[PDB]
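Trainee: Below you'll find the structure I mean.
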2 protein chains.
Amino acid sequence: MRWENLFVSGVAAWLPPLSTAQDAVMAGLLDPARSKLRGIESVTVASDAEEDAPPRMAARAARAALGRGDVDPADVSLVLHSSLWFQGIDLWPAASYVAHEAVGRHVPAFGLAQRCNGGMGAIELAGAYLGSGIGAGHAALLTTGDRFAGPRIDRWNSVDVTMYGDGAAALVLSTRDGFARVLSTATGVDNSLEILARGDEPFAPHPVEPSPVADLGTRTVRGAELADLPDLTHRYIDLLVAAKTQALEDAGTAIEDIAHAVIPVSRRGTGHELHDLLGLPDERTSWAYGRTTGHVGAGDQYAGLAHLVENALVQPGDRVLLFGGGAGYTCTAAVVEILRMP
Amino acid sequence: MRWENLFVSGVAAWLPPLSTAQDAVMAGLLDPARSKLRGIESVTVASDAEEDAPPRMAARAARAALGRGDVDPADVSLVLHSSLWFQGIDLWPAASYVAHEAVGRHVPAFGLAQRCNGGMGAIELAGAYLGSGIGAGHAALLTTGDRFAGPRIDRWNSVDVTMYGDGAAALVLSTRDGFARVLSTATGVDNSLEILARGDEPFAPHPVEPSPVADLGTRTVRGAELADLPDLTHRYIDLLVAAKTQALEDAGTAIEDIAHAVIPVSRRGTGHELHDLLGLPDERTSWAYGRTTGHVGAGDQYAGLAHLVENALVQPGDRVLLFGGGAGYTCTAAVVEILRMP
Ligand SMILES: *SCCNC(=O)CCNC(=O)[C@H](O)C(C)(C)COP(=O)(O)OP(=O)(O)OC[C@H]1O[C@@H](n2cnc3c(N)ncnc32)[C@H](O)[C@@H]1OP(=O)(O)O
């Protein structure tokens with residue numbers, strides 16, 4: 001999709017303090033071989049206090065993003081809140097709380113689930129909503145927020161390719177103006193790969209209690225065994241290449257003209273990484289940042305973009321690729337152009 | 001929102017067998033006074049078999065609805081799966097499963113959370129998406145699915161105003177054509193009421209285990225206390241009346257020209273009921289049906305419209321009000337004109 005009139009108005013993260021892989025190793029929580037392989041130096045870890053519940057961190061990130069963009073909350077016509085895990089209270093609309101605390105009473109709010117790709121997928125859904133004429137305001141607030149805790153989640157081991165960081169991020173879209181223009185978005189998807197996110201886990205009538213520690217790495221292997229697909233790895237590669245090619249093509253931009261790519265925090269640690277598929281070096285991705293925060297739920301792309309802008313690592317005229325990807329498997333990519341610095 | 005080119009192509013519900021309130025009374029699960037007051041005659045109840053997990057019930061409803069509209073799955077550009085509760089397997093994209101099984105590999109799929117309003121809210125989000133140019137296809141598949149189970153959920157008592165039913169529904173939208181035309185949608189919202197859905201439940205770092213039985217009636221009472229607003233009931237009434245008024249006038253339709261209203265399954269039992277606020281009699285709403293299914297997660301409106309169409313209880317030219325409402329609080333309403341009978 002080529003967007004004629006869509007902008008990023010503001011972007012911000014609220015992240016708790018850093019917790020080092022070195023301390024995790026010394027506490028016996030993380031095998032040193034694994035620490036070295038995955039290359040994550042630290043992840044962000046929140047206290048267990050109510051004030052650090054995901055919807056409260058999201059509310060803080062949202063207020064920072066709206067303030068930095070100078071967007072009036074009364075001009076926000078939609079709130080989308082994406083997440084991976086528990087928001088702190090069940091049977092309750094976390095999205096309406098985020099909306100209420102950051103924007104106000106009379107804005108439609110949805111919770112959005114597209115696993116790790118939620119932040120990026122939200123941009124397409126919101127962009128469409130803003131162009132439709134359904135609501136009066138010109139802006140949409142997109143938030144993410146998670147806070148991982150045991151027993152269910154072991155942030156250091158529960159996923160093979162990454163380590164979870166706690167925190168929230170926010171991005172404000174506008175059809176009027178912003179510091180960056182969204183030139184394009186594009187989604188590659190292959191829903192056959194959903195089996196890798198459940199493995200051989202049975203469908204249970206109720207959440208299994210007490211919660212065993214999650215092991216999504218073992219799910220992918222039971223999943224691969226079960227699927228019996230000849231081209232499993234090719235399916236992943238193809239959907240990622242389609243998102244990239246179409247986002248770039250619809251933006252009229254080549255990969256050589258991408259100043260920086262903001263990517264999911266994940267790492268194989270040997271062989272080809274995502275940057276090799278994208279066709280650009282490691283230093284032109286957000287990895288140097290991402291490896292200090294870990295995988296902050298659905299917010300890596302918003303957080304990484306905030307990092308670029310806050311540290312003046314881009315200037316007007318640069319184009320940036322925001323690149324998604326999440327279990328499903330769904331990948332939404334976007335090309336943005338820096339128009340001015342906040 | 002007046003819609004120039006939005007149609008309903010097919011609608012279906014996959015419902016498990018009914019279970020009577022009176023059998024529940026005799027089993028010591030429901031107080032006789034409550035069964036009489038609420039007037040719910042029966043509720044749908046799924047088996048605990050894996051084949052009745054919500055996303056699987058949703059896939060079958062989706063297949064049924066896609067067949068009734070003769071929609072080629074290659075023309076579906078979006079799947080939105082809305083739900084209230086656990087989908088059977090955690091940390092997994094249920095929407096991608098629904099999409100894969102009902103439509104295919106290469107359609108973007110999102111999970112949606114807007115409590116009981118998810119089904120109706122999804123119509124606006126999907127309408128915008130189809131109108132935007134993002135996907136080539138002309139149709140969106142919208143599903144719902146839930147299957148309630150203990151200890152967390154007591155279908156008979158966990159919500160004071162209704163009793164939960166298991167099952168799934170599906171609604172296929174199209175910008176090209178269908179058996180019904182969507183003339184309008186309108187959302188009223190007041191996010192201050194999110195507190196009623198949370199009560200004084202503290203934000204916990206991890207799901208509380210073992211799960212106690214949910215009591216959402218008590219959350220409302222505790223929430224109202226904490227909120228201490230003098231006009232709480234007026235806020236609720238006002239957003240419902242605003243949803244109603246705007247839907248009706250964007251469709252250029254007066255209330256006495258609405259043949260039927262499909263409403264959420266609930267009942268106070270004395271005093272006014274929603275039909276008084278809508279300004280139409282009880283027999284021109286879906287209550288006679290709804291009172292046999294219970295509140296079927298986010299799918300009451302889809303199911304109620306399916307019941308109308310399948311039993312030829314509406315004819316070409318009739319206009320139907322579909323009326324949402326979910327904790328948040330958000331209410332999305334729509335006026336639909338029947339163009340022909342499938
Ligand atoms: S996922 C969906 C979950 N469900 C919800 O989120 C429901 C949210 N709302 C509530 O829980 C509130 O408690 C509401 C419904 C706002 C208030 O309910 P009450 O029944 O406690 O309201 P009051 O007793 O204050 O009623 C006073 C008078 O207000 C009118 N009125 C209230 N509710 C309705 C409805 N549903 N329909 C028509 N009129 C309504 C009545 O005139 C009422 O006087 P009565 O003499 O009781 O009729």
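In the structure tokens, each chain is lettered A, B, ... as it comes, each chain's residues begin at 1, and ligands are numbered from 1 in order of appearance.
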With ligand 1 as the partner and 7 Å as the cut-off, tabulate the residues of chain B that qualify, each row holding the nearest pair of atoms and their distance in Å to one decimal, using only C-alpha atoms and all ligand atoms, sorted by chain and rising number, as CSV.

Mentor:
residue,atom,partner,partner_atom_place_in_ligand_line,distance
B:115,CA,ligand 1,1 (S),4.6
B:116,CA,ligand 1,1 (S),3.8
B:117,CA,ligand 1,1 (S),6.7
B:196,CA,ligand 1,11 (O),6.7
B:197,CA,ligand 1,6 (O),6.7
B:220,CA,ligand 1,11 (O),5.8
B:232,CA,ligand 1,16 (C),6.4
B:233,CA,ligand 1,16 (C),4.4
B:236,CA,ligand 1,16 (C),4.7
B:237,CA,ligand 1,34 (C),6.8
B:268,CA,ligand 1,20 (O),6.6
B:270,CA,ligand 1,47 (O),6.7
B:271,CA,ligand 1,48 (O),3.5
B:272,CA,ligand 1,48 (O),3.7
B:273,CA,ligand 1,37 (N),4.0
B:274,CA,ligand 1,37 (N),3.7
B:275,CA,ligand 1,37 (N),6.9
B:276,CA,ligand 1,38 (C),5.7
B:277,CA,ligand 1,38 (C),5.0
B:325,CA,ligand 1,2 (C),6.2
B:326,CA,ligand 1,2 (C),3.7
B:327,CA,ligand 1,6 (O),3.7
B:328,CA,ligand 1,6 (O),6.8
B:329,CA,ligand 1,6 (O),6.2

Trainee: Can those selected residues be exported to a file as a short mmCIF file (atom, residue, chain, number, x, y, z; two decimals), in the first residue's frame so that it contains N, CA and C atoms?

Mentor:
data_model
loop_
_atom_site.label_atom_id
_atom_site.label_comp_id
_atom_site.auth_asym_id
_atom_site.auth_seq_id
_atom_site.Cartn_x
_atom_site.Cartn_y
_atom_site.Cartn_z
N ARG B 115 -14.46 -6.71 24.29
CA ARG B 115 -15.45 -7.45 25.09
C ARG B 115 -16.66 -7.84 24.24
N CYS B 116 -17.87 -7.69 24.78
CA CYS B 116 -19.07 -8.15 24.08
C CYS B 116 -19.34 -7.36 22.80
N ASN B 117 -18.68 -6.21 22.64
CA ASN B 117 -18.85 -5.41 21.43
C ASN B 117 -17.97 -5.80 20.23
N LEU B 196 -15.93 -0.27 35.94
CA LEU B 196 -16.99 -1.25 36.27
C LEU B 196 -16.62 -2.69 35.91
N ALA B 197 -15.72 -2.87 34.95
CA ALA B 197 -15.31 -4.19 34.47
C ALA B 197 -14.13 -4.76 35.24
N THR B 220 -18.85 -4.83 39.14
CA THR B 220 -19.67 -3.64 38.86
C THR B 220 -19.98 -2.83 40.13
N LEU B 232 -23.44 7.88 36.72
CA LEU B 232 -22.89 6.65 36.13
C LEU B 232 -23.88 5.99 35.18
N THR B 233 -25.11 5.82 35.65
CA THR B 233 -26.16 5.21 34.86
C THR B 233 -26.50 6.06 33.62
N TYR B 236 -23.95 5.49 30.76
CA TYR B 236 -24.27 4.26 30.04
C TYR B 236 -25.43 4.50 29.07
N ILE B 237 -26.55 5.00 29.59
CA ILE B 237 -27.72 5.30 28.76
C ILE B 237 -27.37 6.22 27.58
N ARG B 268 -32.61 -7.52 32.80
CA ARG B 268 -32.67 -7.02 34.16
C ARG B 268 -33.78 -7.74 34.92
N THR B 270 -36.90 -6.75 35.94
CA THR B 270 -37.92 -5.82 36.39
C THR B 270 -37.51 -4.46 35.87
N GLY B 271 -38.46 -3.53 35.84
CA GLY B 271 -38.23 -2.20 35.29
C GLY B 271 -37.98 -2.24 33.79
N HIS B 272 -37.24 -1.24 33.30
CA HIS B 272 -36.98 -1.09 31.87
C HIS B 272 -36.00 -2.15 31.38
N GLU B 273 -36.08 -2.42 30.08
CA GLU B 273 -35.10 -3.25 29.40
C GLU B 273 -34.60 -2.42 28.22
N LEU B 274 -33.55 -2.90 27.56
CA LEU B 274 -32.93 -2.16 26.46
C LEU B 274 -33.93 -1.74 25.39
N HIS B 275 -34.91 -2.60 25.11
CA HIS B 275 -35.92 -2.29 24.07
C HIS B 275 -36.71 -1.01 24.36
N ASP B 276 -36.86 -0.66 25.64
CA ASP B 276 -37.50 0.62 26.01
C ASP B 276 -36.62 1.80 25.60
N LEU B 277 -35.32 1.71 25.87
CA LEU B 277 -34.35 2.73 25.43
C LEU B 277 -34.25 2.82 23.89
N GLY B 325 -22.67 -3.32 22.25
CA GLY B 325 -22.55 -3.06 23.68
C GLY B 325 -21.60 -4.05 24.32
N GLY B 326 -20.52 -3.54 24.89
CA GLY B 326 -19.56 -4.33 25.64
C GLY B 326 -18.80 -3.50 26.67
N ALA B 327 -18.36 -4.16 27.73
CA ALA B 327 -17.54 -3.54 28.76
C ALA B 327 -16.43 -2.69 28.11
N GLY B 328 -16.15 -1.53 28.72
CA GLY B 328 -15.29 -0.51 28.12
C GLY B 328 -15.59 0.91 28.59
N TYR B 329 -16.79 1.44 28.31
CA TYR B 329 -17.86 0.73 27.60
C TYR B 329 -18.02 1.28 26.18
#

Trainee: Would you list, as a VMD selection string, the residues of range 78-182 of chain A that end up in strand (DSSP E or B) under DSSP run on this structure's backbone?

Mentor: chain A and resid 78 to 82 109 to 114 116 139 to 146 164 167 to 174 180 to 182

Trainee: Using CA of residue 138 in chain A and CA of residue 72 in chain A as the two end points, give the distance in Å to one decimal.

Mentor: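 Taking CA of residue 138 in chain A as the start and CA of residue 72 in chain A as the end point, the length is 10.0 Å.
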
Trainee: Show me, as a list in words, the residues that have an atom within 12 Å of residue 30 in chain A when counting only C-alpha atoms, minus same-chain residues fewer than 2 positions from it.

Mentor: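 Here the answer would be residues 20, 21, 22, 23, 24, 25, 26, 27, 28, 32, 33, 34, 35, 36, 37, 38, 40, 41, 42, 154, 155, 156, 157, 158 and 163 of chain A.
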
Trainee: What does the file look like for those residues with C-alpha atoms, as a compact mmCIF listing (two decimals), in the first residue's frame?

Mentor:
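Final file, again-v8.txt:
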# COMPACT_ATOMS: atom_id res chain seq x y z
CA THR A 20 22.05 -7.81 32.52
CA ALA A 21 22.53 -11.26 31.01
CA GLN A 22 25.68 -11.38 33.14
CA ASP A 23 23.54 -11.25 36.33
CA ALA A 24 21.14 -13.85 34.94
CA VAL A 25 24.15 -16.17 34.29
CA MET A 26 25.58 -15.56 37.76
CA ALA A 27 22.12 -16.25 39.36
CA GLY A 28 21.92 -19.59 37.46
CA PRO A 32 26.33 -18.82 29.50
CA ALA A 33 26.51 -20.65 26.13
CA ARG A 34 23.02 -19.43 25.39
CA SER A 35 23.86 -15.84 26.55
CA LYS A 36 26.82 -15.70 24.18
CA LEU A 37 24.90 -17.28 21.25
CA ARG A 38 21.86 -15.00 21.37
CA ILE A 40 21.33 -10.05 24.13
CA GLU A 41 23.37 -8.12 26.71
CA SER A 42 20.48 -6.96 28.86
CA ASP A 154 10.88 -17.31 31.89
CA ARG A 155 12.12 -14.23 30.02
CA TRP A 156 15.59 -15.73 29.54
CA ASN A 157 14.50 -19.17 28.13
CA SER A 158 10.80 -19.32 27.15
CA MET A 163 14.71 -12.94 25.45

Trainee: List every residue of range 144-245 of chain A that DSSP, applied to the backbone of this structure, places in alpha helix (DSSP H), and write the result as number ranges by chain.

Mentor: A: 195-198, 216-227, 232-245

Trainee: In Å, with one decimal, what is the gap from CA of residue 69 in chain B to CA of residue 260 in chain B?

Mentor: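 Going from CA of residue 69 in chain B over to CA of residue 260 in chain B, I get 21.7 Å.
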
Trainee: Leaving out range 331-336 of chain B and any residue of its chain fewer than 3 positions from it, which residues lie within 6 Å of it when counting only C-alpha atoms, given as a compact mmCIF listing (two decimals) with N, CA and C atoms, in the first residue's frame?

Mentor:
# COMPACT_ATOMS: atom_id res chain seq x y z
N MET B 120 -19.46 -6.28 16.64
CA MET B 120 -19.98 -5.09 15.97
C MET B 120 -18.85 -4.11 15.65
N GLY B 121 -17.94 -3.89 16.60
CA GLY B 121 -16.78 -3.04 16.34
C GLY B 121 -15.96 -3.51 15.14
N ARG B 181 -27.42 -5.08 2.50
CA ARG B 181 -26.59 -3.88 2.41
C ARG B 181 -26.42 -3.27 3.79
N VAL B 182 -25.18 -2.94 4.16
CA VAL B 182 -24.94 -2.15 5.37
C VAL B 182 -25.10 -0.66 5.02
N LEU B 183 -26.15 -0.05 5.54
CA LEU B 183 -26.45 1.35 5.26
C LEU B 183 -25.67 2.28 6.16
N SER B 184 -25.49 1.89 7.43
CA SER B 184 -24.78 2.71 8.40
C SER B 184 -24.14 1.90 9.53
N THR B 185 -23.11 2.47 10.14
CA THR B 185 -22.63 2.04 11.46
C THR B 185 -22.41 3.30 12.33
N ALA B 186 -22.45 3.13 13.64
CA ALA B 186 -22.18 4.21 14.59
C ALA B 186 -21.74 3.63 15.93
N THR B 187 -20.67 4.19 16.50
CA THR B 187 -20.14 3.75 17.80
C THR B 187 -20.33 4.85 18.84
N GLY B 188 -20.88 4.49 19.99
CA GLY B 188 -20.87 5.35 21.17
C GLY B 188 -19.88 4.72 22.11
N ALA B 243 -25.44 5.89 20.01
CA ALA B 243 -25.16 4.87 19.01
C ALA B 243 -26.41 4.65 18.16
N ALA B 247 -26.76 5.78 14.15
CA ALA B 247 -26.97 4.67 13.23
C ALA B 247 -28.24 4.91 12.42
N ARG B 319 -35.42 -3.51 7.12
CA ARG B 319 -34.21 -2.93 7.68
C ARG B 319 -34.07 -3.46 9.10
N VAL B 320 -32.87 -3.94 9.42
CA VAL B 320 -32.58 -4.54 10.71
C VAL B 320 -31.57 -3.67 11.45
N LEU B 321 -31.83 -3.41 12.73
CA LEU B 321 -30.86 -2.74 13.59
C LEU B 321 -30.05 -3.83 14.28
N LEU B 322 -28.74 -3.83 14.08
CA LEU B 322 -27.84 -4.71 14.83
C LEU B 322 -27.22 -3.83 15.91
N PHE B 323 -27.31 -4.25 17.18
CA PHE B 323 -26.97 -3.36 18.29
C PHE B 323 -26.02 -4.04 19.27
N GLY B 324 -24.82 -3.46 19.39
CA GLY B 324 -23.77 -4.00 20.23
C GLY B 324 -23.84 -3.48 21.64
N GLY B 325 -22.67 -3.32 22.25
CA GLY B 325 -22.55 -3.06 23.68
C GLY B 325 -21.60 -4.05 24.32

Trainee: In Å, rounded to a single decimal, give me how far CA of residue 125 in chain B is from CA of residue 245 in chain B.

Mentor: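 CA of residue 245 in chain B sits 20.4 Å away from CA of residue 125 in chain B.
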
Trainee: Identify, on the basis of only C-alpha atoms, every residue whose closest approach to residue 81 in chain A does not exceed 8 Å; exclude the query and any residue fewer than 4 positions from it along the same chain; express the result as a ChimeraX atom specification.

Mentor: /A:94-95,98,109-112,142-145

Trainee: Write out as a PyMOL selection string each polymer residue whose atoms come within 12 Å of range 149-153 of chain B, counting only C-alpha atoms; drop sequence neighbours fewer than 5 positions from it.

Mentor: (chain A and resi 90-91+204-209) or (chain B and resi 45-48+53-54+84-88+158-159+163-166+207-216)

Trainee: Kindly export the residues of the current selection with N, CA, C and O atoms, as a CSV table (one decimal), in the first residue's frame.

Mentor:
chain,number,residue,atom,x,y,z
A,90,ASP,N,-8.1,-9.9,34.4
A,90,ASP,CA,-8.7,-10.6,33.3
A,90,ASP,C,-10.1,-10.2,33.1
A,90,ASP,O,-10.6,-9.4,34.0
A,91,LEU,N,-10.8,-10.6,32.0
A,91,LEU,CA,-12.2,-10.3,31.8
A,91,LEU,C,-12.4,-8.8,31.8
A,91,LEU,O,-13.4,-8.3,32.3
A,204,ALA,N,-7.1,-27.0,25.5
A,204,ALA,CA,-7.7,-27.2,26.8
A,204,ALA,C,-9.0,-26.4,27.0
A,204,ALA,O,-9.1,-25.2,26.5
A,205,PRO,N,-9.9,-26.9,27.8
A,205,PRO,CA,-11.2,-26.1,28.0
A,205,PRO,C,-10.9,-24.9,29.0
A,205,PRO,O,-11.7,-23.9,28.9
A,206,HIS,N,-9.9,-24.9,29.8
A,206,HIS,CA,-9.6,-23.9,30.8
A,206,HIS,C,-8.0,-23.7,30.8
A,206,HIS,O,-7.3,-24.7,30.5
A,207,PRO,N,-7.5,-22.5,31.1
A,207,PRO,CA,-6.1,-22.3,31.2
A,207,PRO,C,-5.6,-23.4,32.2
A,207,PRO,O,-6.2,-23.7,33.2
A,208,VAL,N,-4.4,-24.0,31.8
A,208,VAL,CA,-3.8,-25.0,32.6
A,208,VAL,C,-3.3,-24.4,33.9
A,208,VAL,O,-2.5,-23.5,33.8
A,209,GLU,N,-3.6,-25.0,35.0
A,209,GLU,CA,-3.2,-24.4,36.3
A,209,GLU,C,-2.7,-25.6,37.2
A,209,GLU,O,-3.4,-26.6,37.2
B,45,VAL,N,-24.0,-25.0,25.2
B,45,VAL,CA,-22.9,-25.5,25.9
B,45,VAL,C,-22.2,-26.5,25.1
B,45,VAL,O,-22.7,-27.5,24.7
B,46,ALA,N,-20.9,-26.2,24.8
B,46,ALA,CA,-20.0,-27.1,24.1
B,46,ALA,C,-19.5,-28.2,24.9
B,46,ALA,O,-19.4,-28.1,26.1
B,47,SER,N,-19.2,-29.4,24.3
B,47,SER,CA,-18.4,-30.4,24.9
B,47,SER,C,-17.0,-29.9,25.3
B,47,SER,O,-16.6,-28.9,24.7
B,48,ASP,N,-16.3,-30.6,26.1
B,48,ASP,CA,-14.9,-30.3,26.3
B,48,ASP,C,-13.9,-30.9,25.3
B,48,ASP,O,-12.7,-30.7,25.5
B,53,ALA,N,-13.0,-26.5,20.7
B,53,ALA,CA,-12.3,-25.2,21.0
B,53,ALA,C,-12.8,-24.1,20.2
B,53,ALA,O,-13.3,-24.2,19.0
B,54,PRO,N,-12.8,-22.9,20.8
B,54,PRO,CA,-13.4,-21.7,20.1
B,54,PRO,C,-13.0,-21.4,18.7
B,54,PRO,O,-13.8,-21.1,17.8
B,84,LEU,N,-14.0,-13.1,23.9
B,84,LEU,CA,-14.1,-12.6,25.3
B,84,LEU,C,-13.0,-13.3,26.2
B,84,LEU,O,-12.6,-12.8,27.2
B,85,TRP,N,-12.7,-14.6,25.9
B,85,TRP,CA,-12.0,-15.4,26.8
B,85,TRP,C,-11.1,-16.4,26.1
B,85,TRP,O,-10.8,-16.4,24.9
B,86,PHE,N,-10.5,-17.4,26.9
B,86,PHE,CA,-9.5,-18.3,26.5
B,86,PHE,C,-9.9,-19.1,25.2
B,86,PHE,O,-11.0,-19.6,25.1
B,87,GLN,N,-8.9,-19.2,24.3
B,87,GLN,CA,-9.1,-19.8,23.0
B,87,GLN,C,-8.6,-21.3,23.0
B,87,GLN,O,-8.7,-22.0,22.0
B,88,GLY,N,-8.0,-21.7,24.1
B,88,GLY,CA,-7.6,-23.1,24.3
B,88,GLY,C,-6.2,-23.4,24.4
B,88,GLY,O,-5.8,-24.4,25.0
B,158,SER,N,-21.7,-16.1,36.7
B,158,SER,CA,-20.5,-15.2,36.7
B,158,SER,C,-20.8,-13.7,36.2
B,158,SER,O,-19.9,-12.9,36.3
B,159,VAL,N,-21.9,-13.5,35.5
B,159,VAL,CA,-22.4,-12.2,35.2
B,159,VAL,C,-23.8,-12.0,35.6
B,159,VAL,O,-24.6,-12.9,35.4
B,163,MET,N,-26.3,-14.9,31.1
B,163,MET,CA,-25.7,-16.2,31.4
B,163,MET,C,-25.0,-16.6,30.1
B,163,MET,O,-25.6,-16.3,29.0
B,164,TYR,N,-23.8,-17.1,30.1
B,164,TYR,CA,-23.0,-17.3,29.0
B,164,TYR,C,-23.4,-18.6,28.2
B,164,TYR,O,-23.6,-19.6,28.8
B,165,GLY,N,-23.3,-18.4,26.9
B,165,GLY,CA,-23.4,-19.5,25.9
B,165,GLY,C,-22.1,-19.7,25.1
B,165,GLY,O,-21.5,-18.8,24.8
B,166,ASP,N,-21.8,-21.0,24.9
B,166,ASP,CA,-20.6,-21.3,24.0
B,166,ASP,C,-21.0,-21.3,22.6
B,166,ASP,O,-22.2,-21.6,22.2
B,207,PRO,N,-1.4,-14.2,36.1
B,207,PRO,CA,-2.7,-14.7,36.3
B,207,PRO,C,-2.8,-15.4,37.7
B,207,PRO,O,-1.9,-16.1,38.1
B,208,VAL,N,-3.9,-15.1,38.4
B,208,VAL,CA,-4.1,-15.6,39.8
B,208,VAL,C,-4.4,-17.1,39.7
B,208,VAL,O,-5.3,-17.5,38.9
B,209,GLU,N,-3.7,-18.0,40.4
B,209,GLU,CA,-3.8,-19.4,40.3
B,209,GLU,C,-3.8,-20.0,41.7
B,209,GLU,O,-3.1,-19.6,42.5
B,210,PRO,N,-4.8,-21.0,41.9
B,210,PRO,CA,-5.8,-21.4,41.1
B,210,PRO,C,-6.8,-20.3,40.8
B,210,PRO,O,-6.9,-19.3,41.5
B,211,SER,N,-7.6,-20.3,39.7
B,211,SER,CA,-8.5,-19.3,39.3
B,211,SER,C,-9.7,-19.4,40.3
B,211,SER,O,-10.3,-20.5,40.4
B,212,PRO,N,-10.1,-18.3,40.9
B,212,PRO,CA,-11.4,-18.3,41.6
B,212,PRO,C,-12.5,-18.1,40.6
B,212,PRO,O,-12.2,-17.7,39.5
B,213,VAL,N,-13.7,-18.4,41.0
B,213,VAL,CA,-14.9,-18.2,40.2
B,213,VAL,C,-15.0,-16.7,40.0
B,213,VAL,O,-14.9,-15.9,40.9
B,214,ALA,N,-15.2,-16.3,38.7
B,214,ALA,CA,-15.4,-14.9,38.3
B,214,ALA,C,-16.8,-14.5,38.8
B,214,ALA,O,-17.8,-15.3,38.7
B,215,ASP,N,-16.8,-13.3,39.4
B,215,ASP,CA,-18.1,-12.6,39.8
B,215,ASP,C,-18.0,-11.2,39.2
B,215,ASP,O,-17.5,-10.3,39.9
B,216,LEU,N,-18.5,-11.0,38.0
B,216,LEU,CA,-18.5,-9.7,37.3
B,216,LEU,C,-19.6,-8.8,37.9
B,216,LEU,O,-19.5,-7.6,37.8

Trainee: Show which residues sit within 10 Å of residue 175 in chain B, as a list in words. Count only C-alpha atoms, and ignore same-chain residues fewer than 5 positions away.

Mentor: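 Here the qualifying residues turn out to be residues 3, 4, 5, 6, 7, 8, 9, 127, 130, 131, 137, 138, 139, 140, 181 and 182 of chain B.
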
Trainee: Can those selected residues be exported to a file as a CSV table (one decimal), in the first residue's frame so that it contains C-alpha atoms?

Mentor:
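To be explicit, this is the file written out as part.csv:
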chain,number,residue,atom,x,y,z
B,3,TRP,CA,-21.7,3.4,3.9
B,4,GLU,CA,-21.8,3.8,0.1
B,5,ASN,CA,-20.6,0.3,-0.8
B,6,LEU,CA,-20.6,-2.2,2.1
B,7,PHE,CA,-22.7,-5.4,2.0
B,8,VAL,CA,-23.1,-8.5,4.2
B,9,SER,CA,-22.4,-11.5,1.9
B,127,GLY,CA,-15.2,-1.8,6.5
B,130,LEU,CA,-11.8,-3.0,2.6
B,131,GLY,CA,-12.3,0.6,1.4
B,137,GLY,CA,-9.8,-8.8,-2.3
B,138,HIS,CA,-13.4,-7.4,-1.8
B,139,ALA,CA,-14.3,-9.3,1.3
B,140,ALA,CA,-13.5,-9.6,5.0
B,181,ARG,CA,-26.6,-3.9,2.4
B,182,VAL,CA,-24.9,-2.2,5.4

Trainee: Pick out the closest residue to chain B from this set: A:304, A:10, A:17, A:108. Count only C-alpha atoms.

Mentor: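 Distance minimum relative to chain B lands on A:108.
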
Trainee: So which one's closest to residue 136 in chain A, A:177, A:76, A:255, A:101? Using only C-alpha atoms, please.

Mentor: A:76
